[PDB]
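Observations on the three-dimensional arrangement
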Amino acid sequence: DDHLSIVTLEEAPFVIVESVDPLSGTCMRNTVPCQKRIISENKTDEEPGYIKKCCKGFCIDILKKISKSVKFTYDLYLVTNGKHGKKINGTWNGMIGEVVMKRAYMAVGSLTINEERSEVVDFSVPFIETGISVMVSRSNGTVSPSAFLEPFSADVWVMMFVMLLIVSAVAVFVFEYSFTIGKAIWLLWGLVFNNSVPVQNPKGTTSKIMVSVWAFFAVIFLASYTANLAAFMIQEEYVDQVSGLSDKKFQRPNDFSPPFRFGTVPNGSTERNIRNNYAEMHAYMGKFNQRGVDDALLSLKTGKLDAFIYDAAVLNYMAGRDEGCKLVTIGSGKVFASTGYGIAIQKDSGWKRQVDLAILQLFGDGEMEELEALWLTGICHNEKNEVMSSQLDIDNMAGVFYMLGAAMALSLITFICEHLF
Amino acid sequence: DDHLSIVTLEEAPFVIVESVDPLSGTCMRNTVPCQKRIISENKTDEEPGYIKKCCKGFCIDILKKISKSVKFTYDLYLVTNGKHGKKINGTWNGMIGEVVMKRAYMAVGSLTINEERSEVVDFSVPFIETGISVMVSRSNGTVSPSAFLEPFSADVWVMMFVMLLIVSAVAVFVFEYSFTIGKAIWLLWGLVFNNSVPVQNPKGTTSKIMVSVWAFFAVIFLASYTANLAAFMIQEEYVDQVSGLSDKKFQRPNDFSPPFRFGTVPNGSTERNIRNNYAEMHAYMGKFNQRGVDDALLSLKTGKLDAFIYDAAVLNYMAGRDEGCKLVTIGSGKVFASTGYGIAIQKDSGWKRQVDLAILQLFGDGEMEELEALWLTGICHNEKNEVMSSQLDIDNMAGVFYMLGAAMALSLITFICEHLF
Amino acid sequence: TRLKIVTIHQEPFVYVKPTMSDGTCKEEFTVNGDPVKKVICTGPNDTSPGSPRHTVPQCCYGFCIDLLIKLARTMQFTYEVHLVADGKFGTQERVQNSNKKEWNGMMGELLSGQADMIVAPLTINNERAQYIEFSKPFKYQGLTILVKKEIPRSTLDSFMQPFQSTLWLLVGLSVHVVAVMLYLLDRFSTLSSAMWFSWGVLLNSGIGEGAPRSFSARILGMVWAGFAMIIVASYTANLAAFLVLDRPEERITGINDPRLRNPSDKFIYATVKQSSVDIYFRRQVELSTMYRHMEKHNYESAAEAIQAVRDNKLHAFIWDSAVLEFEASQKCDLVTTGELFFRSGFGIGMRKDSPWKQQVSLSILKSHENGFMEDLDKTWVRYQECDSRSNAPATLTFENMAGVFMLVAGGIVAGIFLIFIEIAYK
Amino acid sequence: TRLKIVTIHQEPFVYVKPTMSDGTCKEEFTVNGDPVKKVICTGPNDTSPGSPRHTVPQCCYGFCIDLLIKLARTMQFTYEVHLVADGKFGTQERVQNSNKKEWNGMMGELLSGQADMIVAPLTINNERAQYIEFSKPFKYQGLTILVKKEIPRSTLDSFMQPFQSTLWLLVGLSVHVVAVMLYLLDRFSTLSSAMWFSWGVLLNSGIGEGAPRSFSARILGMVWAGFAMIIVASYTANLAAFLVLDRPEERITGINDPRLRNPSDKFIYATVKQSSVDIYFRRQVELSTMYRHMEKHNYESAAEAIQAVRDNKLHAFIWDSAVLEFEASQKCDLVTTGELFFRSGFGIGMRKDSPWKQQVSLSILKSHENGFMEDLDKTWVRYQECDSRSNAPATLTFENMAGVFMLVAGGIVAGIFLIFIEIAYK
Ligand SMILES: CCCCCCCC/C=C/CCCCCCCC(=O)O[C@@H](COC(=O)CCCCCCCCCCCCCCC)COP(=O)([O-])OCC[N+](C)(C)C
Ligand SMILES: CCCCCCCC/C=C/CCCCCCCC(=O)O[C@@H](COC(=O)CCCCCCCCCCCCCCC)COP(=O)([O-])OCC[N+](C)(C)C
Ligand SMILES: C#Cc1sc2ncn(CC(=O)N3CC(C)(F)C3)c(=O)c2c1-c1ccc(F)c(Br)c1
Ligand SMILES: C#Cc1sc2ncn(CC(=O)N3CC(C)(F)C3)c(=O)c2c1-c1ccc(F)c(Br)c1
Ligand SMILES: C#Cc1sc2ncn(CC(=O)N3CC(C)(F)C3)c(=O)c2c1-c1ccc(F)c(Br)c1
Ligand SMILES: C#Cc1sc2ncn(CC(=O)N3CC(C)(F)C3)c(=O)c2c1-c1ccc(F)c(Br)c1
Ligand SMILES: CC(C)CCC[C@@H](C)[C@H]1CC[C@H]2[C@@H]3CC=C4C[C@@H](O)CC[C@]4(C)[C@H]3CC[C@]12C
Ligand SMILES: CC(C)CCC[C@@H](C)[C@H]1CC[C@H]2[C@@H]3CC=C4C[C@@H](O)CC[C@]4(C)[C@H]3CC[C@]12C
């Protein structure tokens, strides 16, 4: 028979559950209902709740179209014992607990493909990339102090001053054939910076021609300096908090400033991988684990937790759905372990080929790339660079005061150098 | 039985026909077959061709999902006697010629709903708005001569030159208690326009304070004048060639400059409406009619024809798919007669209700608004405003030369007014 | 012959105004000297009658009214107009937890036989077409979005804005420090003419011709000229970036914005209760998720919804283009943005057994081909009071440059005090 | 034990180098002092055989090669590598107008038994998965678009650009006219000191302190100051609009682009012949319409396609992100844009009856969990030679400000002539 059950877990946008309509009593249109069991009657096991839910998402719709692809009906129900699955005491739990104990024959959800979960339960072709990701409230903002020199590169600035030296040293050549070099530097330079200052102009007719062909250069200099200026004085270079998993901070949390509060959700594949690859990290991070992703988000916003490690796809989804773009994954979406969301199957079953072809037909005809944007998209998904419509504080405009202070001190250095020599 | 034939006309993006694959010999995937009637063997009628055509598009996809909605199969064939339909000599032609002679029982294509076509053949709910539209090679480019005064309105300019008189008439008050008003106007005004000119500064200490609190105003004036400046000097106001159908040009083509070359495709609903509503226009435009829309586009680009009138939707499609945005409908997509593309049905048939309710779920669920962008979208359909990255010719910067010439003449007027008085 | 007609109030289509004197309103003429035809409307004093439940004989006029009069002369029938009490277009609901479904608004009365003809901008829809048969659309349109635009959040209400107030101080304090070092580096290698160089290099007023004399102070004066240029050029460039904000943030483009997918505290949007847009929202697959949001924000009618959009009470509104476009044309503060989704026009619904479907459809098609309602479009909604200011840099009005006038004015009134101080100084 | 492996040349995955001396290439080390492991490649010289119609021994190295060596030590098998002669990934075609369909490229040999293991960036696909079974993807990726960016068509190759050359003349002619009227309106109510006011008001050089004396000429001098400000401010604002060309960074955004829907003379784009993208083009409903276009522009391999993109021969290219991103990181002239559509990773295909599918899949998953190929990613493709700060304003290099330097230099050389002329003048 083609009728086979489907089991899932209420979590992530892939599995979002909705209740029944008060007036209709049924799920909405194009909705396959769901099933769940409840435990009551004190110590004994009571009858199941048999509340029929409406649980859908980016995986459930794929289940719909593969159901029409292979022409099979099904029903949906949820795991009650366990969430993801751990081979605790040699017994699988959650998703794998259901699959190895049969009575499911299928499993659709955010189940991570890995060797441990595959040795007993083979997986189909993954339909979306995922893995491990670290997301933090990585947001400081550091305007580079030399943002007022950025409009030109150092090569151009230095060539500007060597020209100002070799033009003022000829305008006291085209003018000797009381206007010395000390006043041609002070003229030729007061034209570059608008024409604010009081200068002492030449008097020969061929030297005013040179001051003019230099004032045109000043006009182009200030036209091409100030072209981008209020976008260089507002451009903040955010510094990422943690370079990666293998950084010196995570290796030795203790020998630094008070260690980063980083954790995960225990009894999951993310903790499963980290305990194997980094047991020393696992020993410390066991104390910072939290029940769910919502708890992690609240902890990060409140500041008690300052880093979170979890599945890549879910964290990527939660990044774009935040009040502001404060929370962002480390590495601009960097994944330290590439896996995929597969469909759990019983070993040596002929449905695997059908499922693989049904999944790949979506890649081929490209009818789910629009489904990618239908749900997994947020406001923060398109950051508006670092420039905005913001005032200029003293934080922004403080490479000009450093230069003014540096000359405020070099003038005194050369003052004493005069008064002794 | 539910099997009813479908007829169509090869026209517009709704009906685009492709041949069979040389290696496969059949239509592509998801392509309903099409048939077209052929005539040969000199005067007599030859044997049937039975060519395997693949006619698809927007209306064809609408037909596909309405056929899946109502669960009926069909076949597609093309009209050869007539294209759209004219009740010539009391006999219907084309689409209506087929429908009144049955052998199709249905009609999907670029068919316009109107009373004459509806009195004999009822139409379903239209799936897209359309009608009559005039498209021309609308182009020119008129940079307004006073684009150098547009950064501020007239209130602000006049109040600037009233404040300048007020300030210069007090800086020779805060300065009495050789610097007369003639030099406070020439100072207070040489600061507004950068500080290029040679001025004669005051000498009292409380008058330099006024010149300074005015130089700060000059700094804000030139910061807010030049903020948008190179977008006002480049902003071209295109003038539409024809206001509308009922303009004095179309009413009396002859009593003007050589009359506009405007025509259509004869034997169609567009000419059908115009001969009724404006027969005087029809008499003149009969000589400028052309065989097909491609001929119209080529004629407009070559310039022999300088206006085209046709169905709204087709012209809107062709506007966005041109080399450049030279061709565009008059009125920015204005339609002078609102109609819709309906489906031609035999009168007193129960399929009309089914067809209406099978078209309307496309509106309700919104699964064809994406179909709207799937085919009917062009590059010029989005445009890039009137500002670009373009040099400034004289045409752009010729409101500054008009002002310079006008002062070049007012100075001489006041020169002779001195030399006489 | 005798026909009963229900109508809803819609500003670009149905102008409703309570009658005065005996119960007949004026005969005011249009701009082109044409009379504004009126019809009697025994309509409720206020929407959802309640305590003032009185059928005032108001007068109605507009696009639909002129269409009614044209069909009245063509079809030779008598009619009366009375507004719907609930003031809704119509949706399908149930009461008392019963299997049967009941209609609202127009179909809550037309289906009951209380109304024979429906004349209102009623959008064609599946649930609407199941119970009544619509005629051909007399005006094709699609849903659109009206944004607030009351505050584009880049409003120069002050010209001191480009810099933040602990940088104005530190620019106006770094002038005196550099002056009192130009003076000291020159004295020990005048004070008024150092303090004048220091300023008149910043403001570019070119006032004060004293230049630092000694080689120590020419370096500091040179670098202060550089500092003055960078300060003033940053003020100028940042003011421009405030004014060249003619492209305001990210405008919603159709029903595509991710912010529409997910409800948020800042972003709020809704439509009219029991309207076509509600059916579209529940009728879209992805739109069931945020259906929770606007259910608490939905307005009873579009008039107060648009009033909320004008004020800082609603950000984005969704409604038929033929209404929102007209409202955006009458008021400059409100504009519409985004592609027109749900391109479903209006129409005239008919009863299943009403012997007028074919002939009324032919009548409206005839009105299309002869251009009668094109003239109605030009007469009723073609004012275009606003301008296509989009893709066009704005012009800085007065009250948009009033601060600099107050600056120079306040400089005068301070100078008349400073002159007393100066004469007293000697 | 004995296994035959075919591989294709892909720069970020497969580096191919013809061996010299006896037939082994160098043992060059990486940046971190690690040896670059090599394998023997009996592939055809210069892609197609041509004149060197022989499988010349070569050495291959890269990401896939290191994955091969890891699986070689784990699985304990012998292998040899030889490049595919046709140099294609593989598509399904027919010959001699026969019903049977034949494969080319990798599956033109693996399906024939000539290859046991496939190690190449072969995208997983339906037509590809029907004939062979793919393992788990060892690198998930999607298709992306690489643009030319060689010329953004807003390149200031001169500073005289902001004005057109019949406005430079008419600004440099309107100086002498206004000078010779300042002089005449002053004389009859000097010429050198009028011609100096006239210029030094334009350039803002502040040179020449003569001011027009008579009331007639002060009006003309005032308006010439206004004209000079508007001229120079238009030059400045238009230069800025040329330099602030950050907007042209907005280019083709994924497959969803109207210019991709329709072919055009200007816009040309294509991919590699008989590749995954060709199948996706024919596997897409809307993409059959313009499939005519790239059929005449498609390239034999991605290397020469990218070379064409670098030059002015191809505008937009479509290929796997893992390749185009690396190429854009190595060369600053090429960057990629658009969302990653068709997010289908690579994989290792297997024969239907080959008894290694499960164990090879477990091996690659184990390599994922232990972070071996994360180290491979850092070693092989992580150079990041190009700046990733897109939408960051650029810095005007030399050769991007060389014209003004030549302007002042030319002023010097013309001045040494003008000084001879002036001394001779007296
Ligand atoms: C000896 C020679 C003497 C020469 C004297 C020359 C003096 C000429 C200079 C004139 C400019 C001074 C105008 C004063 C107006 C105050 C505005 C205010 O308080 O409101 C703003 C706050 O203001 C701030 O942000 C704080 C600024 C501190 C004073 C600035 C001193 C340094 C100026 C450095 C100048 C460097 C220029 C660089 C070029 C750019 C905010 O506005 P609001 O919130 O809407 O409140 C309305 C304000 N209202 C209450 C007034 C209605
Ligand atoms: C008595 C007192 C005397 C005072 C004298 C002061 C004089 C100071 C003024 C100096 C500026 C003049 C520099 C000349 C350079 C020529 C450039 C050229 O030919 O190439 C360009 C064409 O050029 C044009 O478009 C035509 C311009 C005509 C000459 C301009 C005269 C008016 C300048 C109005 C000035 C108003 C300033 C307003 C502020 C903006 C194009 O470049 P290209 O295609 O890459 O070709 C390379 C060029 N190359 C062949 C040289 C390599
Ligand atoms: C006189 C003089 C010189 S010589 C010089 N040489 C290099 N640079 C820039 C630089 O080193 N870098 C830019 C970077 C941080 F990327 C590296 C300069 O800015 C100057 C100035 C200068 C600059 C602004 C001024 F306002 C003044 Br006064 C002088
Ligand atoms: C002195 C003086 C005055 S008084 C005046 N009054 C009105 N306008 C503008 C105007 O009338 N309109 C803008 C419009 C076309 F929309 C209508 C001016 O430009 C001026 C100038 C002026 C302006 C630029 C100058 F450069 C100089 Br000198 C003087
Ligand atoms: C009191 C008072 C008012 S009412 C007012 N209305 C508008 N603007 C804007 C403006 O003038 N702009 C110049 C621009 C283009 F930059 C924008 C104002 O600045 C003010 C001031 C104001 C503000 C700061 C002040 F310091 C002073 Br004194 C007055
Ligand atoms: C000979 C010669 C060359 S090589 C060259 N390379 C770059 N640029 C750009 C530039 O200088 N810019 C200043 C900016 C920021 F606006 C862009 C040039 O202008 C030139 C000139 C040139 C051009 C016009 C001339 F009039 C002269 Br003389 C020289
Ligand atoms: C103008 C001459 C005489 C002296 C003043 C030098 C001025 C122009 C410039 C030269 C390079 C500049 C520096 C460039 C980079 C940095 C590094 C940053 O961490 C602090 C600011 C600082 C240190 C800038 C201060 C201003 C600075 C020192
Ligand atoms: C500033 C004092 C000395 C007056 C001299 C400048 C006067 C005459 C200038 C200022 C604004 C100028 C006008 C700006 C606008 C227009 C309208 C356009 O269709 C033709 C040019 C024309 C008509 C210009 C003519 C000259 C003008 C009126």
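Residues numbered from 1 in each chain as written, not as in the entry; some residues may be left out. Chains lettered and ligands numbered in written order. Heavy atoms only, no water. Residues with missing side-chain atoms left out of burial classes, pairs and counts.

As recorded in the PDB header, cryo-EM is the method behind this entry, and the stated resolution is 3.34 Å.

**Points about the overall build of chain A**
When helices and strands are tallied, chain A shows 15 helices and 11 strands. Relative to its length of 421 residues, chain A is extended, with a C-alpha radius of gyration of 33 Å against a globular reference of 22 Å. Its C-alpha atoms put chain A at 110 × 50 × 45 Å along the principal axes. (Helix = DSSP H or I, 4+ residues; strand = E, 2+ residues; numbered from the N terminus. Rg over C-alpha atoms; globule rule 2.2 N^0.38 Å.)

**Section: the overall build of chain C**
Looking only at helices and strands, chain C features 15 helices and 16 strands. For 426 residues, the compact-globule formula gives about 22 Å, and the C-alpha radius of gyration of chain C, at 33 Å, lies well above that figure. Dimensions of chain C along its principal axes, counting C-alpha atoms only, are 110 × 50 × 45 Å.

**Notes on the pattern of salt bridges**
Within this structure, the stated rule accounts for 30 salt bridges over all chains. Ionic pairing is found between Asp365(A) and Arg29(B), a salt bridge with its closest N-O pair at 3.0 Å. In this pair, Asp365(A) is assigned in helix α13 (residues 351–365) and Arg29(B) in the loop between β2 (16–18) and β3 (34–36), connecting two distinct chains. Of the residues examined, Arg29(B) reaches a relative accessible area of 30% and is grouped as partly exposed. (Salt bridge = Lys/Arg side-chain N within 4 Å of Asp/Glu carboxyl O. Buried < 20%, exposed > 50% of the residue type's maximum accessible area, 1.4 Å probe, protein only.)

**Remarks on the nonpolar core**
Counting residues in each nonpolar core, the largest one holds 176 residues, and the members touching the most others are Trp214(A), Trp214(B), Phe217(B), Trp224(C) and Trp224(D). Here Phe217(B) is in contact with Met160(B), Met163(B), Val404(C), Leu407(C) and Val408(C), once residues within four sequence places are set aside. With 140 residues, the next largest nonpolar core counts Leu305(B), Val355(B), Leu371(B) and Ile124(C) among its residues. (Core = buried A, V, L, I, M, F, W, Y, C linked by side-chain atoms within 4.5 Å. Contact = heavy atoms within 4.5 Å.)

**Quick look at the site of ligand 7**
Residue and element names in this part refer to chain A. Around ligand 7 sit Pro145, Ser146, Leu149, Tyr402, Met403 and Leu410, and that is every residue in its neighbourhood. Summarising the interface, the protein chains cover 48% of the accessible area of ligand 7, which totals 600 Å² for the free molecule. Split into classes, the residues belonging to the shell around ligand 7 amount to 5 nonpolar, 1 polar and no charged. (Near = heavy atom within 4 Å. Areas by Shrake-Rupley, 256 points an atom, 1.4 Å probe, with all protein chains shown as cover. Nonpolar A, V, L, I, M, F, W, Y, C, P; charged D, E, K, R; others polar.)

**A few points about the interface of chain B and chain C**
In many analyses, interface size is given as the accessible surface area lost on bringing the parts together. Each side of the interface is counted separately: chain B has 67 residues, and chain C has 62 residues. Examining the composition of the side of chain B that touches chain C, we find that 16 residues originate from one element, helix α6 (residues 205–225) of chain B, more than from any other.

**Topic: the interface of chain D and chain A**
Each partner contributes to the interface: chain D provides 63 residues, whereas chain A provides 67 residues. Elements represented by at least two residues in the side of chain D that touches chain A include exactly α3 (126–131), α6 (215–243), α8 (276–283), α12 (357–369) and α14 (402–425) of chain D. Of the residues forming the side of chain D that touches chain A, the biggest block, 11 residues, is contributed by α14(D). In terms of residue class, the side of chain D that touches chain A is built from 36 nonpolar, 17 polar and 10 charged.

**Looking at the UniProt feature "disulfide bond" in chain C**
Residue and element names in this part refer to chain C. For the UniProt disulfide pairing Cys41 with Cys60, the two sulfur atoms lie 2.0 Å apart, close enough for the bond to be present in this model. With a gap of 19 residues between them, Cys41 in strand β3 (residues 39–44) and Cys60 in strand β4 (residues 55–61) connect regions that are remote in the sequence. Judged by its relative accessible area of 1%, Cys60 is buried. Sulfur atoms of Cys332 and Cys386 sit 3.5 Å from each other, so the disulfide annotated by UniProt is not realized in this structure. Secondary-structure assignment places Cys386 in the loop between α14 (372–380) and α15 (402–425). (Disulfide = S-S within 2.5 Å. UniProt positions renumbered as here; feature names shortened; annotations may be inferred.)

**Comments concerning the site of ligand 8**
Around ligand 8, the surrounding shell consists of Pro145(B), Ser146(B), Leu149(B), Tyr402(B), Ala406(B), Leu410(B) and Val223(D). Bordering ligand 8 are residues originating from chains B and D. Relative to its free-state accessible area of 600 Å², ligand 8 is covered by the protein chains to the extent of 50%. Take the shell around ligand 8: its biggest share by element is 3 residues, from helix α15 (residues 400–420) of chain B.

**Comments concerning the state of the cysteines**
For the coordinates displayed, the defined rule picks out 10 disulfides over all chains. Disulfide pairing is shown between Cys34(A) and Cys55(A); the S-S distance is 2.0 Å. With the S-S dihedral at roughly -115°, the linkage between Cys34(A) and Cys55(A) falls on the left-handed side. Here the residue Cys34(A) occupies a position in the loop between β2 (16–18) and β3 (54–56), and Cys55(A) occupies one in strand β3, the gap between them amounting to 21 residues. Judged by its relative accessible area of 1%, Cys55(A) falls in the buried class. Taken N- to C-terminal, the disulfide-bonded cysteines of chain C are connected 1-3, 2-4. If you count the bonded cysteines of chain A from the N-terminus, they pair up as 1-3, 2-4, 5-6. Free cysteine: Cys332(C), not disulfide-bonded; nearest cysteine sulfur from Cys386(C) at 3.5 Å. With relative accessibility at 47%, the residue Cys332(C) sits in the partly exposed group.

**Considerations on a positive patch on the surface**
Taken together, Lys68(A), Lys71(A), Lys68(B) and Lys71(B) make up a surface patch of like positive charges. With respect to the helices and strands, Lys71(A) occurs in the loop between α1 (60–70) and β4 (74–78). (Patch = residues over 30% accessible without salt bridge, like charges linked within 9 Å, V, L, I, M, F, W, Y side chains within 5 Å. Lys, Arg positive; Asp, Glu negative; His and termini not counted. Charge placed at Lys NZ, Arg CZ, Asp CG, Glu CD.)

**Quick look at the sheet that holds strand β14 (residues 335–341) of chain C**
Residues and elements named next belong to chain C. Read across the sheet, 4 strands follow the order β12-β13-β11-β14 without closing on themselves; strand pairing throughout is mixed. Here the strands that pair on one side only, and so sit at the sheet edges, are β12 (269–270) and β14. Bridge count between strand β11 (residues 143–147) and strand β13 (residues 316–320): 5 bridges; the pairing is antiparallel. In the sheet register, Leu143 faces β13, and the bridge partner there is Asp320. On the sheet, helix α11 (residues 302–310) packs against β11 and β13 and is oriented at approximately 145° with respect to β13. (Pairing = 2+ DSSP bridges. Axes fitted to C-alpha atoms, helices over the stretch in contact; angles between N-to-C directions.)

**Some points on the UniProt feature "transmembrane region" in chain A**
All names here are of chain A. Under the present numbering, the feature "transmembrane region" in UniProt falls on residues 156–174, 210–225 and 397–416. For the annotated span residues 210–225, helix accounts for 100% and strand for 0% of the residues, and the straight-line distance between the end C-alpha atoms is 22 Å. Taken end to end, residues 397–416 has its terminal C-alpha atoms 30 Å apart, with 85% of it in helix and 0% in strand.

**Quick look at the side chain of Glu98(A)**
Checked against the element boundaries, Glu98(A) lands in helix α2 (residues 94–100). Among buried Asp, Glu, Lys and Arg side chains, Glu98(A) stands out as unpaired, with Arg37(A) the closest opposite charge at 5.3 Å.

**Describing the environment of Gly131(B)**
Residue position: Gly131(B) is located in strand β7 (residues 129–136). In this structure, the C-alpha to C-alpha distance between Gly131(B) and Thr112(B), residues 19 residues apart in sequence, is 7.6 Å.

**Brief notes about the domain arrangement of chain C**
Residue and element names in this part refer to chain C. What the domain assignment reports for chain C is domain 1 (2–140 + 346–378), domain 2 (145–151 + 252–344) and domain 3 (155–244). Listed as interface residues are 19 residues of domain 1 and, on the opposing side, 17 residues of domain 2. In total, about 1,600 Å² of surface goes out of reach between domain 1 and domain 2, with carbon and sulfur atoms giving 57% of it. The largest contributions to the domain 1 side of the interface with domain 2 come from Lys88, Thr91 and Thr123, which together make up 29% of the buried area. Counting the contacts that link domain 1 with domain 2 gives 0 salt bridges. Scanning the region where domain 1 abuts domain 2 turns up 3 residue pairs in polar contact. For the side of domain 1 that touches domain 2, a count of residues per class yields 7 nonpolar, 7 polar and 5 charged. (Domains from an automatic or database assignment. Buried area = accessible area lost by both parts, 1.4 Å probe. Polar contact = N/O pair within 3.5 Å; in protein donor to acceptor, adjacent residues only side chain to side chain.)

**Some thoughts on α13(A)**
All names here are of chain A. Under the 1.5 Å per step criterion, the end-to-end length of α13 is 21 Å for 15 residues, consistent within 8% with the ideal 21 Å. Of the positions making up α13, those classed as buried are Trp351, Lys352, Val355, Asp356, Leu357, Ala358, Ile359, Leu360, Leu362, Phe363 and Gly364. Two residues or fewer past α13, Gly366 is found with a positive phi of approximately 65°. (Expected span 1.5 Å × (residues − 1).)

**Quick look at α12(D)**
Taking 1.5 Å per residue, 13 residues should reach 18 Å; α12(D) reaches 18 Å between its end C-alpha atoms and fits that length. Every buried residue belonging to α12(D) is among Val360(D), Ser361(D), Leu362(D), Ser363(D), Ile364(D), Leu365(D), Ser367(D), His368(D) and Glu369(D), and all of these are buried. On the buried face of α12(D), the contacting elements are α3 (115–118), α9 (269–277) and β10 (338–340) of chain A together with α1 (63–75), β8 (117–118) and α13 (372–380) of chain D. Just beyond α12(D), the residue with positive phi is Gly371(D), at close to 75°.

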